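Student: Residues 2 to 284 (my numbering) make up the sequence shown, in order. C-beta: ideal position from N, C-alpha, C; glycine also.
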Amino acid sequence: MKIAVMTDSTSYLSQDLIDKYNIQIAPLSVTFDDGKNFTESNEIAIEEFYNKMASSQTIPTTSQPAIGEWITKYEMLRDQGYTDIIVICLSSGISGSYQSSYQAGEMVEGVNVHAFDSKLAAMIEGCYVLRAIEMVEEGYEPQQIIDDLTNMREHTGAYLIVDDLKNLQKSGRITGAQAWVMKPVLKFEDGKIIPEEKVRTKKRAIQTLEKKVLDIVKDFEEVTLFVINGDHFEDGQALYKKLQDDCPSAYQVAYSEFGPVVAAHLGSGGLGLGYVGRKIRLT
Ligand SMILES: CC[C@H](C)CCCCCCCCCCCCC(=O)O
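What follows is the structure in structure tokens.
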């Protein structure tokens, strides 16, 4: 038994971790209104993406990995001698990437695929990859890893804000906000993005993100927090610095950013605060 762990590009793992653990990536893509298509990778300079998105009369659209891209990746890992593949996917609530990876796993011969619906995105999704790789090294079997990740998902969540709900509304990735067709605070709930509160200022929304999350993770035996920032540098920097001041060092507090595919749906000003009830290995 040789177990591989792979994921899609929206887990936004650093190239260092991808290189070190040889993590295969099924990439998602972005398509701009001038017909220019782009595949997600760390090669992309993210400020260049925000610039083109701001200079687009029409919001760009995104694509999940086609089912054939999952298949090709599964066959490559099988043909390298892997018998089992753990697949960490973007939330099934916002993308078909998981169901495609699931269906692709049924269709590929000679290797066992264990697709996992992270029910989130970005480096919070990435944390499931890093937990899976850690357990593989420790000798666990695929069902034990899927069981552990499922328990991890019960103590994992995220809150977030955006400058303008237009991008989420255009793509249909905000649920239950038909009345809004003030500053909204959103959260993930069973893999979908819903409104949580509405505050008067952006600064109060950022303080609200911290309070919501700290109130939750206070009861966890292990805590990892991720500040995941968009195109406004000082917003993520302000939240990250304040968390380092307000949290004990027993909390793991990390920083990351949104890639093009997620940025296309949030628009400018996206800022997330995510939590995992585990001490995830980030090295
Ligand atoms: C701290 C964690 C953060 C709060 C996470 C925020 C994630 C926001 C996701 C926006 C929606 C992306 C849909 C991509 C669909 C891709 C497709 O299938 O086309």
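Below 8 Å on the Cβ atoms is my guess for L187 versus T157; work out the distance and round it to an integer in Å.
Tutor: So it is not a contact: roughly 16 Å between Cβ atoms.
Student: From the DSSP output, in three-state form, read off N43 for me.
Tutor: In this structure, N43 counts as coil in the three-state DSSP scheme.
Student: Can the beta-carbon of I195 be found closer than 8 Å to that of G173?
Tutor: No, they are not a contact pair.
Student: Of all the options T8, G275 and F39, which has the alpha carbon lying nearest to the alpha carbon of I162?
Tutor: Closest by alpha carbon: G275.
Student: Which runs of the alpha helix (DSSP H), 4 residues or longer, sit entirely within the region 130 to 189?
Tutor: Segments of the alpha helix (DSSP H) lying fully in the region 130 to 189: 143 to 154 and 167 to 172.
Student: Take the Cβ of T63 as the centre, count every other Cβ of all protein chains shown within 10 Å, and call the residue buried at 16 or more, exposed below.
Tutor: So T63 ends up on the buried side.
Student: Between which two residues does the alpha helix (DSSP H) holding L215 run?
Tutor: Note, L215: alpha helix (DSSP H), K203 to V218.
Student: Helix, strand or coil: which one does DSSP assign to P261?
Tutor: Looking at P261 - three-state DSSP - the assignment turns out to be helix.
Student: Helix, strand or coil for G36? Go by DSSP, reduced to three states.
Tutor: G36: coil per DSSP, three-state reduction.
Student: Does the region 71 to 88 come close enough to the region 40 to 47 to have 3 or more Cβ pairs within less than 8 Å?
Tutor: They do not touch, by the three-pair rule.
Student: Measuring straight from C-alpha to C-alpha, what distance separates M136 and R201?
Tutor: Distance between the alpha carbons of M136 and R201: 44 Å.
Student: Report buried or exposed for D148, applying the criterion of at least 16 other Cβ atoms within 10 angstroms of its Cβ.
Tutor: Exposed.
Student: In the DSSP assignment, the alpha helix (DSSP H) including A239 goes from what residue to what residue?
Tutor: Element bounds for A239: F234 to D247.
Student: Can you tell which of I26, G94, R279 and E190 has its C-alpha closest to the C-alpha of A159?
Tutor: Looking at the Cα atoms, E190 is the closest of the given residues.
Student: Have a look at the DSSP bridge pairing and note the partners of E198.
Tutor: Its beta-bridge partners are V186.
Student: Going straight from the alpha carbon of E197 to that of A206, what length do you get?
Tutor: Cα to Cα, the separation comes out at about 11 Å.
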